Amino acid sequence: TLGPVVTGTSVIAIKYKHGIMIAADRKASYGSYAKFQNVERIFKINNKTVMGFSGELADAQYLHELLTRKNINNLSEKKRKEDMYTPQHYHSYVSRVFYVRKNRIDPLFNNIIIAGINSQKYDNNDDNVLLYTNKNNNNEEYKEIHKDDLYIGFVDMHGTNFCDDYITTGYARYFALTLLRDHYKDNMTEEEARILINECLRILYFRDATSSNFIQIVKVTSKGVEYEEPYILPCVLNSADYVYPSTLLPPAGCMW
Amino acid sequence: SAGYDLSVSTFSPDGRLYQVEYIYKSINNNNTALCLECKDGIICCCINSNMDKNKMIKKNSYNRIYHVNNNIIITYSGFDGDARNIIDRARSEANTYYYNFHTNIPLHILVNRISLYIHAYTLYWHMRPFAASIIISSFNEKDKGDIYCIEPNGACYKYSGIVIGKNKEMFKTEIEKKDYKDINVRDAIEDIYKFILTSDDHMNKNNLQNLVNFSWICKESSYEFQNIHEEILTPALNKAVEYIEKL
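Residues numbered from 1 in each chain as written, not as in the entry; some residues may be left out. Chains lettered and ligands numbered in written order. Part of a larger assembly, values for the part shown. Heavy atoms only, no water.

In terms of determination method and resolution, the entry is listed under cryo-EM at 2.18 Å.

Okay, structure coming up:
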């Protein structure tokens, strides 16, 4: 790849009391043209790990393929649930791929988020992994996962990598991150986490031209990786001055 | 023999390749593996009776049953290292197929590729041919069971039930009595334990637990690979043992 052509905009991932909540609008744009409006941008790596991306879609699909087969081979050698690769392992692997490609001046034009649960003590999902069946879609309750057992990593084009309690990509690094550094807190419930993520996505919808309001939410919890039903985010303007007709303003001068 | 059996690349004057037959003898001397098609799944069993005198081996640590994509069972009788080589190749072919096509490699194509890989080691005068025969099998609702067995000569055939390794003839005699396409895998477990007790004279009711590997792909496991839990193998083992001790 020589530059972005088809791109996704921004991803938000935060720890809350039951695991990881990661969000991305389902949009991939061809420049300023919103060609694809139903694109999946958060992928499941294993029952405890997800991958989100911004930037070029083809590079993201390549990386998703790499990780899919890495998880398959991991399962091929597994003899106990502890053998499954952690989110930290996948974050290291992706950071390494990016570093190697930087040294060749051949990067993937992506920013990546690797998030998940960094422990095996909260459930027995990795005892019998199902690649092609999902049993969630039984009537059990989520386990509270200690923040230290959760992992959210970031990788950029130059191989810069780090972890934190909340990670953002793209325009979320300005709009969402400001509100998160102001307002995020530990052990949030699903309701509070969802409310904060929705506020961030609403600001992005109002201020990022590449964004959309069709939001995909994914959760990684004691029940595994869960894709929520995509939903349209209601975004109303926050001032009546926007809606005031121009003809009611003075006709003279630069009134617009 | 007569000097014609020192190389896998020399035909004997009667048209036979003796190194391949010697490999066959090696495989027939090795431990037993079988795969059986049932009504709602396939069941695979490896009897590691050659390790009966190895008392210090960690319990249930030696397993000869692997899988490819979490939905294909692959096992063997013969050299462990060669079998691991072939299994690595099988997984590599599955990875390449997914990379190229984004769908899992069909069972029969994978079997052809593995058999060609094995056959390629019988062609040159400087490579040792693989000393192992491979069972590769899958099962899904629509297609029922598919079981293939690959020979060291590279010939792959399709079976409803297969036994390789030592004592395979007696095991086949026991297997052929009942039509297992109408029996469920769980019910087949007890039959298999009885067959082991009879056919392998090195196996008794004391080492049946630690010397037998059981796996299946069935409806219960959502048609994905799974080792049969001990909570299922225990009642079946006890029942087979008591029934046998009765007669």
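That was the structure; now back to the text.
**Overview of the interface of chain B and chain A**
The following threshold applies: By definition in these notes, contact holds between two residues if any of their heavy atoms fall within 4.5 Å. Two parts placed together each lose some accessible area; with a 1.4 Å probe, that loss summed over both constitutes the buried area. Throughout this description, the term salt bridge denotes a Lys or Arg side-chain nitrogen within 4 Å of a carboxyl oxygen of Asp or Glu. Segments assigned H or I by DSSP are reported as helices when at least four residues long, segments assigned E as strands when at least two residues long, and all are numbered from the N terminus. Classes in brief: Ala, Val, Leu, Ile, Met, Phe, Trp, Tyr, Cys and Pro nonpolar; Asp, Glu, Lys and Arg charged; the others, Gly included, polar.
Facing 16 residues of chain B, the contacting portion of chain A comprises 15 residues. Approximately 1,400 Å² of surface area, both sides summed, lies buried where chain B meets chain A, with 42% of it carried by carbon and sulfur atoms. A per-residue breakdown of the area chain B buries against chain A is headed by B:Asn95, B:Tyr99 and B:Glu224, which together make up 33% of the total. Inspection of the chain B/chain A interface yields zero salt bridges. Element by element, the count of residues in the side of chain B that touches chain A is highest for helix α2 (residues 80-101) of chain B, at five residues. Among the residues making up the side of chain B that touches chain A, the classes are represented as four nonpolar, 10 polar and two charged.

**Looking at a nonpolar patch on the surface**
Condition: Patch membership requires more than 30% relative accessible area and the absence of a salt bridge. Residues of like charge join within 9 Å; the nonpolar side chains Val, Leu, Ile, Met, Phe, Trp and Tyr join within 5 Å. Each accessible area is a Shrake-Rupley estimate made with a 1.4 Å probe; only the visible protein chains count as cover when residues are assessed.
Together, A:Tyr205, A:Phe206, A:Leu237, A:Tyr242 and A:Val243 make up a nonpolar patch on the protein surface, roughly 500 Å² of accessible area in all. Relative to the helices and strands, A:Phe206 is located in helix α4 (residues 190-207).

**Quick notes on the pattern of salt bridges**
All names here are of chain A. Put simply, the rule is: In this scheme, a residue with accessible area under 20% of its type's maximum is buried, one over 50% is exposed, and one in between is partly exposed, where area comes from a 1.4 Å probe on protein chains only.
Counted according to the given criterion, the structure contains 31 salt bridges over all chains. In this structure, the salt-bridge partner of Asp165 is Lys15, at a minimum N-O distance of 3.4 Å. Judged by its relative accessible area of 17%, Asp165 is buried. Overall, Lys15 belongs to the buried group, its relative accessible area being 8%. Each of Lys15, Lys147, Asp165 and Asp186 takes part in one network of salt bridges that share partners.

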